[PDB]
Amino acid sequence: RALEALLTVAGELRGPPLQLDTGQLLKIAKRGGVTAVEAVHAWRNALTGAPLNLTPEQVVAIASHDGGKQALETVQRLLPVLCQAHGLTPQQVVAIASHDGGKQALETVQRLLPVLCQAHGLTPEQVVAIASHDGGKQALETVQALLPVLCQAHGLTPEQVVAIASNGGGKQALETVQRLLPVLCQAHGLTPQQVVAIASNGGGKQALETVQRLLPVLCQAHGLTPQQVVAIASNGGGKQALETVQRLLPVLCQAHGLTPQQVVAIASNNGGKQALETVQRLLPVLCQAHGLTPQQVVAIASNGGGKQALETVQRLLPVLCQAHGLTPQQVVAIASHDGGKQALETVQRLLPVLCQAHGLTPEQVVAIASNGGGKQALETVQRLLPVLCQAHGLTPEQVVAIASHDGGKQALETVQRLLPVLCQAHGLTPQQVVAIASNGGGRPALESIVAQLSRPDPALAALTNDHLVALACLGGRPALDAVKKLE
């Protein structure tokens, strides 16, 4: 019964004004549901046209959530009242709106941002942070409710209260800190800093509780220190991570060899449980079928989704090496980040049309993949490389440089965006723009430079454009912001 309505709406939504594609409408259907896709079909015009002007990807972002219809409805209602009335940018709104029950988060933002700023001294960016989640309305109401007692009875700072509330089930973590802080500190000598670190993670309640019940056991019985424990607790799925460490402590330090430290290191990211289990399974495989060492595997595993990385190393190692002519060290390198599954996969399916259909080396490609988000890097190269070499006069080595960093996608995009405005309007050369973009944070660096030239902050008008450039190159937005307070 679901397929009928999806096929009915689908290649009518694939046309104007949305131009959506398979994967896109797939994402909507399997999270916002058929209602979401129908609502997108219906209000397709009101969403892209003024005064909303929503980009397609932004629409997709609002719909693909339990409630997407309501989220669209409410965005169309209060997209200008929030901007108009609370100086919010439309992107901030779109960010509040793109979670389960965005309609509540939006309505509650409208209703509470004033008091939360005036009565409790939040900045709009803090309020938007609290609301930008699943059960945002709840987090907001619980900040408004609890912030005075947490600050006054428990000695936390407003910032800490915001950190706790800025995740999944923020309310649960706030109330759990309210309940458990004077026990975690009293009877275990933790600090408010530590209790906040534990709670400032999705499922934070379960993390705090699990710490109260398993710290004495992991520590005073499995030979761990409170520091190692809190370390494990201070990521998402910290309860699962803690319990899994407690089970597998003696089932990995005497079997596979792994040491306590290695265990806690693999347990100290998102899905630490998964990564630990996958390590228990795959460590003897990859070391005696792929030739790898313990150290390498533990590296691949000591990341977020480390499980996915382990399993994709298993799956893709020989084929990438023996066909695509990569080496083990290289592959371990590409995998040793957050998203190495996506990295390895994207290398596998793209190394062809970059080496062949362009002229990239596998080493260049490997360097593009060896940086967190590598997938996005590579894909954005594959799109924007003809654009950037035919219509802007860049050499491939330059594009490869720009993508050879975290935020590569962002870097390259922001290059094509502001490639003539700074070169034509302000007199920068291409090599300058590339030079700026070729670091971590190229996108915000380029953005602050354009934001400088097109309206000189006098403290920085005191420098020649070139100095500005070399400055943006050596430290980006942070350094360009730092060399203004010094005056």
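Just count from 1 along the sequence shown to find any residue number.
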Exercise. Which of the two stretches, 418-426 or 22-30, shows the higher mean Cα temperature factor in the record?
Worked result: 418-426
For this session: Using only the Cα atoms and their B-factors as the entry lists them, report which of 282-290 and 77-85 averages higher.
Result: 282-290
For this session: Go through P226, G339, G393, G169 one by one and give the residue whose Cα B-factor in the PDB entry is largest.
Result: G393
For this session: Tell me, please, which of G136, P158, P182, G238 has the highest C-alpha B factor according to the deposited entry?
Result: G238
Seminar exercise, completed: For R443, the third of its chain by CA B-factor is the highest
Exercise. Going by the entry, which third of its chain does the Cα temperature factor of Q104 land in?
Worked result: lowest
Problem set entry | Third assignment of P124 from its chain's C-alpha B-factors | lowest
Exercise. Thinking about Cα B factors across the chain, which third does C473 belong to?
Worked result: middle
Problem set entry | Third of chain Cα B-factors occupied by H154 | lowest
